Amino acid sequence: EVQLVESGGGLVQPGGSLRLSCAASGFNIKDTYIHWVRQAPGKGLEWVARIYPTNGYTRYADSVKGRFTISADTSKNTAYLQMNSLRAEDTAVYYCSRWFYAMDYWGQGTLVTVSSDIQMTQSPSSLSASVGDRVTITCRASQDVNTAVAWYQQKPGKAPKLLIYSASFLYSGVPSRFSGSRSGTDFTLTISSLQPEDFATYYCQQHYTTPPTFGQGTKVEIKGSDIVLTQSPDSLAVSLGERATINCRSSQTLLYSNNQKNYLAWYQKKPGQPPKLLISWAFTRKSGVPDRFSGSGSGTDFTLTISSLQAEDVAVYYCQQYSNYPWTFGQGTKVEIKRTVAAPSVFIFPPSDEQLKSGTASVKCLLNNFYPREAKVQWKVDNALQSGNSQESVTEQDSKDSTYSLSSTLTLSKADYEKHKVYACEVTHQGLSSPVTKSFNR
């Protein structure tokens, strides 16, 4: 199992020095060339240096001549990159790879941060496509590169992956939909039917001469809107101990064709607590989540199921996709306990004279311990129906009795509160055969 592991990267002050190591495994560097290729923040892959361990032949890039040194210890099966008087321009992720003039194996790279001539022209810089689309990227060689062109794929946070070598040959394990072709100095990569796992940045490289050159990269992105997840229903009410269902539909498939896994997760969100992961891969229950939670579905529709709802399951449930950027959430689904109709108990509070000291009057109407949520509170002053100066607050559903409490505040300037003489709140609800009015005078 060929493996390349980079190490030694870190924070180096300007004009500083640092050594990087590349430990090889499953093969011997004596048998091949070793390359150091760097990638600056936001930019493309840049070959910096190369060594043949057997005879210690070294080739550098003009960018790093005299500031970078590459060595190797065949005994240790390790390649090394010494760096001195480092510049701000040197900050980058440094990968080590190996050569079949293709870079088939890459380490996952190591970050170096400096705290202060064949050319390949890739087209286009950016590209927007949809799952199922046929995509074509191209790279114009600045001169004759006979068939010495490879194609690589790179996703954020990961090393490049060899896709095509010698311009039309499919690297072992690459899926059939990928192909590349050559027409003189025109080079083409083409994806038959875009799969959800193909959104990435693609790089052309010529392996004809040395230094190997790279195209600036073609980013393939989701066309149109971000992956949208729509949940149904928006709100749910089921009785204690009964089954609750929530569905989530994705505007595109979350199923990777290469591994048959759905990149969909289910989260619970209670006020004041961080989101709690319940399910990943669309059906795998997170260790420790109660049995009664389950997840099903695939492709574009998924379902979260609570086999028997409990008072502690009252929360907002969100579906979430981590298949492609930007990662998105569903709009959410409020689940609440369904119970019997409970008429509110209505109370009215006049402005404290202590508050009337402050210069404003707050008359409050309290609806206590009612169900369901729908409740209309209308304020009337001297039997004049009001509007426009009322705000309502609502409690979370009570765990034990499954009811709600509501507080409505009529706010007035103390002057206007002196003007009138009768204040009442009229409450309408399913538990009231007819509206119930509560009043006070002063």
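Start at 1 and count along the sequence shown; that's the residue number.
According to the entry, the deposited sequence has 10 or more residues without coordinates between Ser116 and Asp117. In the deposited sequence, the stretch from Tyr325 to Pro326 has no residues without coordinates, so the chain runs on without a break.
Between 56-64 and 38-46, the higher mean Cα B-factor belongs to 56-64. The mean Cα B-factor in the deposited entry runs higher for 174-182 than for the other of 174-182 and 338-346. Across the options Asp104, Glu197, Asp313, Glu354, the residue with the most elevated CA B-factor in the record is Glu354. Within the group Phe302, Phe329, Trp281, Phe169, the record's highest C-alpha temperature factor is found at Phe169. Per the PDB record, residue ranking by Cα B-factor puts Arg292 in the middle third of the chain. In the deposited entry, the Cα temperature factor of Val381 sits in the top third of values across the chain's modelled residues.
The PDB entry assigns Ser21 a C-alpha temperature factor belonging to the lowest third of its chain's modelled residues. The deposited CA B-factor of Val145 belongs to the highest third of values across its chain. In this PDB entry, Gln216 carries a Cα temperature factor that places it within the highest third of its chain's modelled residues.
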